[PDB]
Structure formats: structure tokens, C-alpha cells
Protein chains: 2
Amino acid sequence: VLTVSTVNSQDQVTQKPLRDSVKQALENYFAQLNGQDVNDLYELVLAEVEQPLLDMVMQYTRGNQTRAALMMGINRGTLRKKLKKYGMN
Amino acid sequence: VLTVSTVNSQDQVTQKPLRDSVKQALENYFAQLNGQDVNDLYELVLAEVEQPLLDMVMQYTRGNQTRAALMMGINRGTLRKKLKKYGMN
């Protein structure tokens, strides 16, 4: 589940699991620090992951929150809270 | 912030934002589905993203939970709960 697709030069399509991009993304972040200290990292990662998720869902549910919240599997309230967090409603 | 590096058609290394690999990863998931209900999407995506983050941070804090939770910016308790969730401690 949850995998981006890629090709090689041989024109074969292969599925690279999403967690691999996340590890690279975290490590490229650290690579871009020197001296700096790392805090509130969880908030960083979640913004990048929740915005596309909420956007993607709202698209398929056609803006219906009760169905968005049912597909995602969280409370209507949490949903309402997060959409605000990202200025999405 | 939070970006994977790729090489492109001009032959240059370039940084694609992690959010884009998430959107792709979600849409390929629906792709593979045909006529199946999807209830627990947020839990899905969150497993894929947390396991690499926890793992990466524990690497850097050398097993130190107090330093792990401070780096991530979550509560010692939360941290402790998530590690259990993922059979990581």
C-alpha cells in the first residue's frame, strides 16, 4: 500500500514505497542544517503529509465533510479542526 | 522543507517536495482499488509516515527517548505510545 511508481532505463515500471521518500526527505533536511538544532520535527512532517491527504480526499468526496471524515476515519470535529489548520475551509 | 532529490532532463539534481510524493502515493492507492470501501485512510497514511520518522530520530538520539520526544516536539507519553503502536520499544 502507499507507493509511488518509477521507471528504469529499461522502460519497466516499478513501485517504490512511500516510506522510502519520507526517509530521504528527512535525511535531506538534516543535510541542509549545520549548527542548527532540530525541534518540532513532527509538526514539520505532518504538514507535508496532511495537506495533500485532505486535499485529495475533499476532491473525491466533492467537498462533503461527512464523507471525507468517514473515508479518512476520523471525527468530523478533528476534520473540521485540521481543515482550519491548513486554511482549507 | 522536506524534499526528495531527483535528476532531470537537463541532467540536473533538483528537489521535488515530499507532499507531491504523498499525493501520488494516495492516488495510486485508489487506482488499485475497484469497488472496495475505504474507511481507515488517515491511519493508513500515518503508519507510512511515522515509522520512518520515529526510526530516523531514535537513530540520531541514540535510543534516548527524552531526546527523541524533545526533537520531535511531542510529549514523552505520546512518544511512548507511538513506539508501542509500531512495536518499536
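No Cβ is skipped: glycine too gets one built from the backbone with ideal geometry, and neighbour counts run over all protein chains shown. No lab work stands behind these numbers, since they all come straight from the coordinates.
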Checklist entry - In Å, what is the Rg of the alpha-carbon atoms in the range A:1-52, and how long is Dmax? => result 14.5, 43
Item to check | At 1.002 mPa s and 20 °C, Stokes D of chain A from Kirkwood alpha-carbon radius, µm² per second | outcome: 137
Checklist entry - So, in the protein assembly as shown, how many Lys pairs have Cα atoms under 17 Å apart, if the pair is 8 or more places apart or on different chains? => result 4
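Would you mind giving the three semi-axes, in whole Å and largest first, of the ellipsoid equivalent to the protein assembly as shown according to its Cα gyration tensor?
26, 24, 16
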Next on the checklist: Let me confirm one metric for peptide B:78-85, namely the mean number of other chain beta-carbon atoms within 10 Å of its residues' beta-carbons.
Outcome noted: 0
Item to check | Angle in degrees between helix B:41-60 and the longest Cα principal axis of chain B, rounded to the nearest 10 | outcome: 60
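Averaged over peptide B:25-38, how many Cβ atoms belonging to another chain are found within 10 Å of each residue's Cβ?
Counting Cβ atoms of other protein chains within 10 Å of each residue's Cβ and averaging gives 4.
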Item to check | Total formal charge among the other residues, if their Cβ is under 15 angstrom from that of A:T3, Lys/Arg +1 and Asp/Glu -1 | outcome: 0
Checklist outcome for this item: Relative contact order as a percentage, the range B:1-70, C-alpha pairs under 8 Å and 6+ apart, gives 15
Item to check | Average other protein chain Cβ within 10 Å of Cβ, residues A:50-62 | outcome: 4
Checklist outcome for this item: If each K or R counts +1 and each D or E counts -1, the residues other than A:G73 whose Cβ falls under 10 Å of its Cβ total -2
Checklist outcome for this item: Residues B:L79, B:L18, A:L46 in order from fewest to most other beta-carbon atoms within 10 Å are A:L46, B:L79, B:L18
